[PDB]
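We place every Cβ from the backbone using ideal geometry, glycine too, and count neighbours over all the protein chains shown. What follows is calculated from the coordinates using simple rules that are stated; it is not laboratory data.
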Amino acid sequence: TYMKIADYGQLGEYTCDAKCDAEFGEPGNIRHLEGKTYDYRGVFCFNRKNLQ
Amino acid sequence: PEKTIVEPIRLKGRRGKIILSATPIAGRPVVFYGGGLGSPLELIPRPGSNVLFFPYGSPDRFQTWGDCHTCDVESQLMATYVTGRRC
């Protein structure tokens, strides 16, 4: 499992002057993905007479 | 008369003596197939008898190493000819 940053998002605008205030903007986003591991198998046989 | 026979052969001997149970006619090539042989092969019999010598030099060997549906045992070797007389 691993993290990912979807987007940083915008934080803070070009506010005017003489304005005792500020703006909260818009926070980013962090997702948390994950993944498996798959197996691969097989089988094979002989007759032990021609093998000998 | 003029019967035709397809029959399996069970090899016998270190020189490869094949005994047929019906004495092929006279000069028609009796044909051996299966048994790992890549292609059917023909041989002339001796007139009146039913003993053949398998050529030690084998033409092909279509082996099938590794298989779990039949344990690649073998396909058995057959032989095909015609017997009896004409008239």
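Just to be sure, is A:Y40 hydroxyl-bearing (S, T, Y) and over 30 Å from B:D72 (Cα atoms)? Answer is no for this residue.
Looking at B:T23, B:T4, B:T83, just one residue is exposed (fewer than 15 other Cβ atoms within 10 Å of the Cβ) and of a type in the set (S, T, N, Q), and that residue is B:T4. Among the residues of segment A:24-52, those identified as more than 14 Å from chain B (Cβ to nearest Cβ) and surrounded by 10 or more Cβ atoms within 10 Å (Cβ to Cβ) are A:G25, A:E26, A:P27, A:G28, A:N29, A:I30. Cβ separations smaller than 6 Å between residues 6+ apart or across chains give the following pairs from segment B:42-69 residues that are farther than 19 Å from B:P29 by Cβ to residues that are part of a loop (DSSP other than H, G, I, E, B): B:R61/B:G36; B:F62/B:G36; B:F62/B:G38; B:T64/B:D72; B:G66/A:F44; B:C68/A:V43; B:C68/A:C45. Residues in segment B:29-65 that are surrounded by fewer than 11 Cβ atoms within 10 Å (Cβ to Cβ) and within 14 Å of another protein chain (Cβ to nearest Cβ): B:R61, B:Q63, B:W65.
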